[PDB]
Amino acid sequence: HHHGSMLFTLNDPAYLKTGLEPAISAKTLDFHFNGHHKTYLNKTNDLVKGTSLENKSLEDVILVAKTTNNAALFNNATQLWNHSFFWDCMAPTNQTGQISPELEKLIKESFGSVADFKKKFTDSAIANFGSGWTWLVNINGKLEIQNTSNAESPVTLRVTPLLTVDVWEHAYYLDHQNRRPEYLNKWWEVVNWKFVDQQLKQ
C-alpha cells in the first residue's frame, strides 16, 4: 500500500521554556505541552497506524472520526489540533501585536466594540461548564463566539477560527486554581493578535 510511513509531530512553542506571564507560567506550559499535548499526539498516532487513516492529514482524520462517530479517535485527534491552534493564539506580552484595522471593524460590527467583545468572550468562557474551549469564529464576514465542551472544535465546521481559549482546568489550575476569571483576564495580555489577523485573511 505504501512504504512512506508518516506520523504527526509537534514542535516546541517558541515560548515554551520562558512562559507566558502573567497569564500562563512556564511550569504550566511544561505539563500542558509535554504532558497533555504529547499524550494526545501519541494516542492519535497509535490509533491511526495500520489503518486506512495512516498518513492522512490531521483534519481528514478529525472529520473521519466525527462522521463515523469514533469517540477515542475524535477526542485525541481534535485535542491534538486544538492545542496546536491554541499555541499560535498566544505570544509573550511584548510580541502580541495589535488588532488590525480590518479585524477591529468586524469586531465592532459584530459586538459593538473591542472592549465589549472581550467581556462577552470572557463571560462565555467563564460560563462554559466543565472542560472545553471558547472560540472566536468568522462566518463569511460575520463574527461569533462559540463554546465547545471537551475536544469539540470548530475545526470540523465550515467556519474560520480566529482565536480560542482553553478552559480545561489543566490550562490554568497550577497558576490560578479555581479562579478561572483571573486566568481569562490575564490571558488577554498574551493573545497573539498577529495570528488572529492572519487567520482572518483566509
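Throughout, we count residues from 1 along the sequence that is shown.
In this crystal structure, the stretch out of 193-201 and 2-10 whose C-alpha atoms carry the higher mean B factor is 193-201. Of the two stretches examined, 157-165 and 29-37, the record assigns the greater average C-alpha temperature factor to 157-165. Sorting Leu63, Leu174, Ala151, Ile139 by the CA temperature factor given in the entry leaves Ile139 at the top. The PDB entry assigns its highest CA temperature factor, among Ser57, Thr44, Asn69, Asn147, to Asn69.
Among all modelled residues in this chain, the alpha-carbon of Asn128 has a temperature factor (C-alpha) in the middle third.
Ranked against the other modelled residues of its chain, the C-alpha B-factor of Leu73 as given in the entry falls in the lowest third. Per the deposited record, the Cα B-factor of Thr122 falls in the middle third when ranked against the other modelled residues of its chain. Residue-level temperature factors show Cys89 in the middle third of its chain, judged at the C-alpha atom.
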